[PDB]
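Remarks on the structure that follows.
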Amino acid sequence: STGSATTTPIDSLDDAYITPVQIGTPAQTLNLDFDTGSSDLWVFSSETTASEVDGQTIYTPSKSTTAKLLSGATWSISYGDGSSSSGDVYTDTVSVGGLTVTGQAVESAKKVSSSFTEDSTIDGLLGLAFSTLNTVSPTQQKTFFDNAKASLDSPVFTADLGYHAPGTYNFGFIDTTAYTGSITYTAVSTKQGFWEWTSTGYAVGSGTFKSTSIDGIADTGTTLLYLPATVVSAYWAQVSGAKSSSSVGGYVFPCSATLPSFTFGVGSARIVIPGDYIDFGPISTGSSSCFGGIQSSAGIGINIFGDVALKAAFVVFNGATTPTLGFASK
């Protein structure tokens, strides 16, 4: 089997991407944030505290003839941005782009933190990291990809995120028309539950490539590119007037600037992030200070190849017995 679904930016900055997902019988379509940095499929629901719902579409398990309470199961998750959610668990039929999994754990939110309530465009998350990170207790549950894997034509999914435009998540096949050149594959460590890999270095603009190992994660659920402070300083030093602002929470730059590109290494190959992808717009409405798309990871504990980096590439998440990642230009 295969599946193919379009993923669409939630706003003009590409802050996140939503993909329609069918849950239950008859289908209830929710727009979920596909997140290769976590491993829970959770949704706003008829059980979510009413004051914490503000415009999201909800899953109502009582209206699904295939929903079953997973008795005794609870979940609770906290994300790197400080947000969180928790609740109980149903199993139900879940389909993405024509690919159907029966018996998928659908985690129903009883509580969500304010940033989820405040974002009316995201109805939940669909985790695509390794199932060892799934938070369901006392019986850990499998991701949608883990459940689908054996049925797929090939045990892979791909992320093709757009810049200010829709893109595609495919399951079970590699669309050879969706990228240019060849796909370069690189080793993955699953020891932390992430799609963790080592970039071979970087360049700023037209500058020379610096060969240096940068361990980090491919995370579609994180907006920006988080890298070591040395690398980030070298980037922003090429932008007149750019500075790190403690009050804003990162590097800012004059909105009048033209930003240089940023290149990262994948083995001997190179992925170029155009400068425009690094512009996240005014820090507040009407400001001439703009927020940067490359930020320091120093306070995180891990480097994160988020959407800023991934949307410059066609990315293969290879879930073979020994997983690997592939990157191609596009």
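One-based numbering along the sequence shown.
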Distance-only polar pair, side chains of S247 and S245, donor-acceptor under 3.5 Å:
yes

Does the side chain of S108 come under 3.5 Å of the side chain of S45 through a donor N or O and an acceptor N or O?
yes

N170 side chain reached by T158 side chain, heavy atoms, under 4.5 Å:
yes

Side chain to side chain contact (heavy atoms under 4.5 Å, CB included) test vs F157 passes for just one of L99, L152, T36, namely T36

Side chain to side chain contact (heavy atoms under 4.5 Å, CB included) between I278 and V308, intermediate numbers included
CA-CA 7 Å; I278 299 160; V308 162; 4.3 Å; yes

If you define the side chain from C-beta out and look only at heavy atoms, does anything of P282 sit under 4.5 Å from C290?
yes

Donor-acceptor side-chain pairing of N147 and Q104 below 3.5 angstrom
yes

For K210, look at atom NZ and say whether over 12 heavy atoms of other residues, nucleotides or ligands are found less than 6.0 Å away.
no

side-chain hydrogen bond (donor to acceptor under 3.5 Å, both in side chains) for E196 and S189? Distances and angles first, verdict last.
CA-CA 5 Å; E196 188 172 358; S189 173; 4.6 Å; no

From CA spacing to verdict: side-chain hydrogen bond (donor to acceptor under 3.5 Å, both in side chains), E107, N134:
CA-CA 11 Å; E107 302 174 32; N134 176 267; 3.0 Å; yes

Mind checking the CG-OG spacing from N303 to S199? Nearest 0.5 Å is all I need.
9.5 Å

Heavy-atom side-chain proximity of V266 to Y185 below 4.5 angstrom:
no

What orientation do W236 and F253 show, parallel under 30°, tilted 30 to 60°, or perpendicular over 60°?
parallel

Side chains of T2 and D153: is there a donor and an acceptor less than 3.5 Å apart?
no

Less than 3.5 Å apart, any donor N or O on the side chain of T135 or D40 sitting next to an acceptor on the other?
yes

Walk me through whether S95 and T100 qualify under side-chain hydrogen bond (donor to acceptor under 3.5 Å, both in side chains).
CA-CA 4 Å; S95 299; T100 301; 2.7 Å; yes

Side-chain H-bond candidate by donor/acceptor type, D92 with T66, under 3.5 Å:
yes

Check: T7/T19 side-chain N/O donor and acceptor closer than 3.5 Å:
yes

Is a side-chain donor-acceptor pair under 3.5 Å present for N318 with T324?
yes

Side chain to side chain, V106 and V43, heavy atoms closer than 4.5 Å:
yes

Can you tell me how far CZ of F144 sits from CG of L126, rounded to the nearest 0.5 angstrom?
7.0 Å

Exactly one candidate in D160, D14, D276 meets salt bridge (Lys or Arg N to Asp or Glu O under 4.0 Å) with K311; the answer is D14

Say whether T117 and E52, considering side chains only, have a donor N or O and an acceptor N or O under 3.5 Å apart.
no

Side-chain heavy atoms of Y17 within contact of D33, under 4.5 Å:
no

Taking C-beta and beyond as the side chain, do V21 and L30 meet within less than 4.5 Å on heavy atoms?
no

Ring-ring centroid check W42 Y59, cutoff 6.0 Å
no

Going through the distances and angles, do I304 and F194 end up as a side chain to side chain contact (heavy atoms under 4.5 Å, CB included)?
CA-CA 10 Å; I304 307 175; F194 300 122; over 6 Å; no

Would you say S296 and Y226 make side-chain contact, with heavy atoms under 4.5 Å?
no

Write out all pairs satisfying ring pair (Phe, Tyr, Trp, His ring centres under 6.0 Å) with one or both partners inside residues 265-310, taking only residues at least two apart or from two chains.
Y163-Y277, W197-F305, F264-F305

Tell me whether the rings of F262 and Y235 are parallel (<30°), tilted (30 to 60°) or perpendicular (>60°).
perpendicular

